[PDB]
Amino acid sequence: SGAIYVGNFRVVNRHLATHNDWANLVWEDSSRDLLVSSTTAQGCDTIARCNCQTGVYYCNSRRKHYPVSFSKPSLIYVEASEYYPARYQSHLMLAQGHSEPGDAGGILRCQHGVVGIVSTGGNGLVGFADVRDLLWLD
């Protein structure tokens, strides 16, 4: 994990991308923190086709699954990190919850499938990058 595997696609946080990812680039967006690359093998995940605003995600720092309620995707100002300058991030869904450096890449699921991936966090909020608009993944 750290990645969504759907079809012949690998979806990751843009700043966690590997060299192999960029070599096999299909699509990326700085403003969303998403990168998609191609795979040879068939992936097991399905992207959720819904507007669910609750689900379960895996927290890396805690090593646990947590149920969570999150807001609808929006433009959110995000402070400078060592991965980006201060900027607006789009399609970011926010939740109250525990959040640390290294939690990016945890997958958020509902009963319909994959909803998004931890991208940001801090000030008692976990920020998830929504992937449900990416219908071409399925």
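Start at 1 with the first residue shown and count on from there.
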Report task. Give the stretch, out of 28 to 36 and 96 to 104, with the larger mean C-alpha temperature factor in the deposited entry. Result -> 96 to 104
Report summary line: Listed options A23, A129, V11, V126: highest C-alpha B factor recorded at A23
Query raised in the report: When the modelled residues of the chain are sorted by Cα temperature factor, does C50 land in the lowest, middle or highest third?
Result: middle
Query raised in the report: Where does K64 sit by CA temperature factor within its chain: lowest, middle or highest third?
Result: highest
Report task. Taking the values exactly as deposited, rank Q42 by C-alpha B-factor within its chain and report the matching third: lowest, middle or highest. Result -> highest
Requested in this report: Consider only the C-alpha atoms of the modelled residues in this chain, order them by B-factor as the entry records it, and name the third containing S81: lowest, middle or highest.
Outcome: highest
